[PDB]
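Asks: Pasting in a structure now, in structure tokens, and then I'll have a few things to ask.
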Amino acid sequence: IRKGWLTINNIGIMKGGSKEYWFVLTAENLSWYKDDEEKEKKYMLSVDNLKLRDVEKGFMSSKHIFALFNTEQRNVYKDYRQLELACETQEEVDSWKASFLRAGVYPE
């Protein structure tokens, strides 16, 4: 449905620090890659059982930040905490939120 680069702010101490990843969004699954060639296949999460929320001032929010969180568990699989995503512009945040909603993600 939508593809682009997104920075993940929540990464564990073993690999901590915000990092930019290539993301592919479809109606069925969310697939994250370290490359735009879509070969790494870092981790995947299903579209459903997820919801979109805003974020608090817990990060140096020089970017436009929104969070996709698991409604069944406390964290995203193969990830640290919930998937807080930072965009270069606010339009990217709104576009991604709309894309996730169309894919099947539900509002908080």
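Positions of Cβ are generated from backbone atoms using ideal geometry, with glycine treated the same way; all protein chains shown enter the neighbour counts. Taken together, the values in this text are just the output of simple stated rules run on the coordinates, not laboratory data.
Asks: Considering amide H positions built from the backbone, and no H for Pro or chain starts, which residues 5 or more places from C87, or on another chain, come under 5 Å of its amide H?
Replies: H64, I65, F66
Asks: Using a 10 angstrom Cβ neighbour count of at most 15 plus a DSSP loop assignment to flag exposed chymotrypsin sites (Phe, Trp or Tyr not before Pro), which longest range of the chain is free of such sites?
Replies: Working: sites that count: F59, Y77.
Longest stretch, sites excluded: 1-58.
Asks: Moving on. Can you compute 3J(HN,Hα) from phi for each residue in the stretch 87-94, using the Karplus curve 6.51 cos²θ - 1.76 cosθ + 1.60 with θ = phi - 60°, rounded to whole Hz and x for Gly and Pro?
Replies: 10, 5, 9, 5, 4, 4, 4, 5
Asks: Another question about this same structure. For the chain, would you read off the P(r) tail past 21 Å as a percentage of all alpha carbon pairs?
Replies: Numbers: 1547 of 5778 pairs.
Across the chain, Cα pairs with separations above 21 Å total 27 percent.
Asks: A further question on this structure: Work out how much length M44 to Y77 would gain on full extension: take 0.36 nm times their residue separation and subtract the Cα-Cα distance, in nm to one decimal. Mind showing how you got there, number by number?
Replies: Details: separation 33, 0.36 × 33 = 11.88 nm, distance 0.77 nm.
That works out to 11.1 nm of additional length.
Asks: Same structure, new question: Would you count, across the chain, every pair of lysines whose alpha carbons are under 12 angstrom apart, provided the pair is eight or more residues apart or spans two chains? Let's see the in-between values first.
Replies: Numbers: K19/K34; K34/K42; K41/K78; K42/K78; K51/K97.
Summing the qualifying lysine pairs gives 5.
Asks: Let's see if you can work this out: charge +1 on each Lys and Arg Cβ, -1 on each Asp and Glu Cβ, no other charges. What is the dipole magnitude of the chain about its Cα centre, in debye to the nearest 20? Kindly include the intermediate steps, with their values, before the conclusion.
Replies: Details: 17 positive and 18 negative charges, 64 e Å.
Result for the chain is approximately 300 debye, rounded to the nearest 20.
Asks: Are there any trypsin sites (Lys or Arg not before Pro) in the stretch 1-41 that are in a DSSP loop and have at most 16 other Cβ atoms within 10 Å? List them by number.
Replies: Details: sites: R2, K3, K15, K19, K34, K39, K41; in loops: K34, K39, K41.
When the trypsin sites (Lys or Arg not before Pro) of the stretch 1-41 are filtered for loop state and at most 16 Cβ neighbours within 10 Å, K34, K39, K41 remain.
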